[PDB]
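Colleague: okay, structure incoming, though there's no sequence with it:
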Ligand SMILES: Cc1cn([C@H]2C[C@H](OP(=O)(O)O)[C@@H](COP(=O)(O)O)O2)c(=O)[nH]c1=O
Ligand SMILES: [Ca+2]
């Protein structure tokens, strides 16, 4: 897979962010994770975590997987990087997202993220507390 440039338009919630990609505004849904909705436990902490990570970044990148690049709602499906660090993985490692929505052929980073979730669980962080 390949990282491509994007710039932040606006933080949305833990697992969605509005980015400009190839010069066009798009909402991106992070592959392979699920954060709690803003009204559920840890939803505001997940939203705040992502917001900080993308707002503080000097460089945002998006990396598509092998399969579908847009979902049924027109959201881009990608792994999102903030100064080289994957947001999807960071949320999982902190117990602020669960590995989820693992669809065959868009699942390159599945084992990297399950490894993070196992560590978050062992430490009883957040969702796993
Ligand atoms: C993360 C991801 C979500 N989706 C769809 C599945 C769910 O459909 P439903 O809307 O019918 O529940 C929805 C979950 O996204 P959200 O967790 O943002 O609500 O987005 C995909 O189709 N592909 C994916 O890779
Ligand atoms: Ca969600």
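Modeller: Arrived safely, thanks for sending. Residues are numbered from 1 along each chain as shown. Ligands and ions are numbered 1, 2, ... in the order given.
Colleague: tell me which stretches of this structure form helices.
Modeller: 43-56, 87-93, 110-122 (DSSP state H).
Colleague: now the ones you listed as CSV including mean neighbour count and distance to ligand 2?
Modeller: C-beta coordinates here come from the backbone N, C-alpha and C atoms, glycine included. Putting the helices of the chain into CSV (neighbours: other C-beta atoms under 10 Å; distance: least, C-beta to the ion, whole Å) gives the following:
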stretch, mean neighbour count, distance to ligand 2
helix 43-56, 18, 8
helix 87-93, 24, 11
helix 110-122, 16, 15
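Colleague: out of the ones you listed, the one nearest ligand 1 is which?
Modeller: Among those, the nearest to ligand 1 by C-beta to the nearest ligand atom is helix 87-93 (9.7 Å).
Colleague: tell me the helices and strands packed up against that closest one.
Modeller: strand 24-30, strand 33-34, helix 43-56, strand 76-82, helix 110-122 (3 or more C-beta pairs under 8 Å, 6 or more residues apart in numbering; DSSP states H and E).
Colleague: show me what the longest one is packed up against.
Modeller: Helix 43-56 sits against strand 3-13, strand 76-82, helix 87-93, with contacts defined as 3+ C-beta pairs under 8 Å, 6+ apart.
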